[PDB]
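Novice: Just dropping in an experimental structure and the matching sequence.
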Amino acid sequence: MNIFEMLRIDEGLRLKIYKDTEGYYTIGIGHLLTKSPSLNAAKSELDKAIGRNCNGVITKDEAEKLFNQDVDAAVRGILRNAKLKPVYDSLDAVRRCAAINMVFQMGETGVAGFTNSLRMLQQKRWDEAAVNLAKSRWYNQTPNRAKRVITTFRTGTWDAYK
């Protein structure tokens, strides 16, 4: 188990443009293309990302390459963020995967309201952090996935994915 397998489970793999849980055009392993309602805008973003004229369809190799870039971008964003980096560095490797998972799904902006949860995680108050993480739009809108990520923070194991 590693961050790539974890997010592959949570995001799936689709080779044609689809809509994510929020209704936004996406492709591959959860690669968000645009929040615009325009499919043409999504197709342009896809072509820019892949470097060829795709008309909404990619290969599995292309999906896996985008995914690697997206995971790396989430990590580097955490490491450049003065609020996220100290909490991330305080965590063990399994819990760091849960942190990347959240940033992948909601971005630095979406995690901005998790300040109290982050403090509890840095304090290693795992059950309290787990309860607090569930008091969120995130948990209410994607409960099965949030439950897996929260269990990973609570236990420091891969039990929710195994």
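Specialist: Received the coordinates, thanks. Residues are numbered from 1 along each chain as shown.
Novice: Now do residue 88: how many residues are near it, please.
Specialist: 20 (other CB atoms under 10 Å). The C-beta positions use only the backbone N, C-alpha and C, and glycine is treated the same way.
Novice: Residue 21 now?
Specialist: Residue 21 has 11 neighbours, counted by other CB under 10 Å.
Novice: do you know how far the nearest residue to it once chain neighbours are set aside is from residue 94?
Specialist: Among residues not flanking residue 21 along the chain, residue 142 sits closest, at 5.9 Å (CB to CB, 6 or more residues apart in numbering). Remark: distance between residue 142 and residue 94 (CB to CB, to the nearest Å) = 20 Å.
Novice: Please, where are all the helices along this structure?
Specialist: For the chain, the helices defined by DSSP state H occupy 3-11, 39-50, 60-80, 85-90, 93-110, 115-122, 126-133, 137-141, 143-155.
Novice: among these, which is nearest residue 17?
Specialist: helix 39-50 (5.8 Å; CB to CB).
Novice: Report the buried residues of that closest one.
Specialist: Neighbour-count burial for helix 39-50 flags 42, 43, 45, 46, 49, 50 (criterion: 16 or more other CB atoms under 10 Å).
Novice: how close does the third one get to residue 31?
Specialist: Going back to what we said before, that points to residue 45. Residue 45 is 9 Å from residue 31, by CB to CB.
Novice: quick one: terminal-to-terminal distance for stretch 42-61?
Specialist: Distance across stretch 42-61, first residue to last, is 20 Å (CA to CA, to the nearest Å).
Novice: Show me how far that stretch is from its chain's centre.
Specialist: Stretch 42-61 sits 21 Å away from the centroid of its parent chain (CA atoms, centre = their mean, to the nearest Å).
Novice: what does that stretch contact?
Specialist: Stretch 42-61 has contacts (CB atoms under 8 Å, 6 or more residues apart in numbering) with 13, 15-17, 25, 27-28, 31, 33-34, 36, 39, 62, 66.
Novice: I'd like to know which of those are buried.
Specialist: 17, 25, 27, 28, 31, 33, 34, 62, 66.
Novice: which non-adjacent residue is nearest residue 32?
Specialist: Nearest residue to residue 32, sequence neighbours excluded (CB to CB, 6+ apart): residue 26, at 5.2 Å.
Novice: At the geometric centre of the protein, which residue do we find?
Specialist: In the chain, the residue lying closest to the centroid (CA atoms, centre = their mean) is residue 104, at 2.4 Å.
Novice: so what's it up against?
Specialist: 7, 30, 70, 71, 74.
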